[PDB]
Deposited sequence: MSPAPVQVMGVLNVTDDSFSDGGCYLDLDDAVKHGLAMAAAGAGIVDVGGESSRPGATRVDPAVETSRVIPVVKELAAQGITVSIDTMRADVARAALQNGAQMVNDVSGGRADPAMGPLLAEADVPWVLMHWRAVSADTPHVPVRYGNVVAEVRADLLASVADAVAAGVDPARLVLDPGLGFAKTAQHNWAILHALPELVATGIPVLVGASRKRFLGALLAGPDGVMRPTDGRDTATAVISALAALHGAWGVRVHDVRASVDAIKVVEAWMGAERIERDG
């Protein structure tokens, strides 16, 4: 079984990969629709003034909500309001209070991989000698860090952080070696949904990138392959598409 984590961007952002639900009610509506479509987790990302109210209503609607934040304070607020998981793009590195909070709360923590050369250059891609190996080592160190803080390992989730200070080539390399990360025995979450690499993969005849909205099929296919290779879950914008993919894989793979 593969978990489907639907993305709910509560920020307003011109460059967004997938819908801006700044408006409380649209956002809530969107979260609900995603759960209805099969998402077992709704990942709300914003700061507190915007996300809290969304997290609160969704949690009140029985939805399993993840808070996508690098700040322990926003996380704590999220938790106080019904969130059941913390999704940290910094893998605990941005906020020293994060681990202790997770140790206090005992809820799942996603440690996403994001190793920048420097703090002022978080998006410059890192020149990796062996991205798979480096990413793995980095993640295991982040696990050690979390554990040392009192977090039960069983609550941890690894995420290779596709496209974060990584090229499309690094991305493909990580996916190809997905089974090696899965082999760490710690659940792996894949977040490729609508990312740049897909825009590039699917560029038009001209050389113009496929629009964000046109990257869902590719995203869905990455979900099926992820499922085939043991991933724990997938983080996506178009829930239906990835759920459809999963149903196919299961129907195919289970056909006696």
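Peer 1: Missing CA coverage against the deposited sequence, listed in sequence order.
Peer 2: Residues missing from the model, as numbered along the full deposited sequence, span 1-4, 51-64, 275-280.
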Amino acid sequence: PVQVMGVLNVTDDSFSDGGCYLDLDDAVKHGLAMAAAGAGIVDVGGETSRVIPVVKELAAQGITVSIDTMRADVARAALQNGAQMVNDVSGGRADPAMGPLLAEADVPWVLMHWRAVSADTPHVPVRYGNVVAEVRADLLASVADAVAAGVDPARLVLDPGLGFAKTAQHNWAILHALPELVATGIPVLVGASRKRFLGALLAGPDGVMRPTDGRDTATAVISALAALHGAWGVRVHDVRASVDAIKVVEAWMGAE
From here on, numbers count along this sequence of modelled residues.
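Peer 1: Comparing 32-40 with 47-55, where is the mean C-alpha B-factor higher?
Peer 2: Taking the mean B-factor of the alpha carbons in each, 47-55 is higher.
Peer 1: On average, are the C-alpha B-factors higher in 178-186 or in 164-172?
Peer 2: Taking the mean B-factor of the alpha carbons in each, 178-186 is higher.
Peer 1: Checking the entry, which one of 119, 77, 86, 98 has the top C-alpha B factor?
Peer 2: Highest C-alpha B-factor among the listed residues goes to 119.
Peer 1: Looking at 124, 144, 137, 111, which has the highest CA B-factor as recorded?
Peer 2: Result of the comparison over 124, 144, 137, 111: 144.
Peer 1: Mind checking which third residue 21 falls in for C-alpha B-factor across the chain?
Peer 2: Its C-alpha B-factor, which the entry lists for residue 21, ranks in the highest third among residues of this chain.
Peer 1: According to the PDB entry, is the CA B factor of residue 211 in the bottom, middle or top third of its chain, that is, lowest, middle or highest?
Peer 2: Answer is middle: the recorded C-alpha B-factor places it there.
Peer 1: Considering only modelled residues of the same chain, in which third does the CA B-factor of residue 131 rank: lowest, middle or highest?
Peer 2: Its C-alpha B-factor, which the entry lists for residue 131, ranks in the lowest third among residues of this chain.
Peer 1: In terms of the CA temperature factor given in the entry, to which third of its chain does residue 225 belong: lowest, middle or highest?
Peer 2: Ranked within chain, residue 225 CA B lands in the lowest tercile.
Peer 1: Taking the C-alpha B-factors as the PDB entry records them, is residue 158 in the lowest, middle or highest third of its chain?
Peer 2: According to the entry, residue 158 has a C-alpha B-factor in the chain's lowest third.
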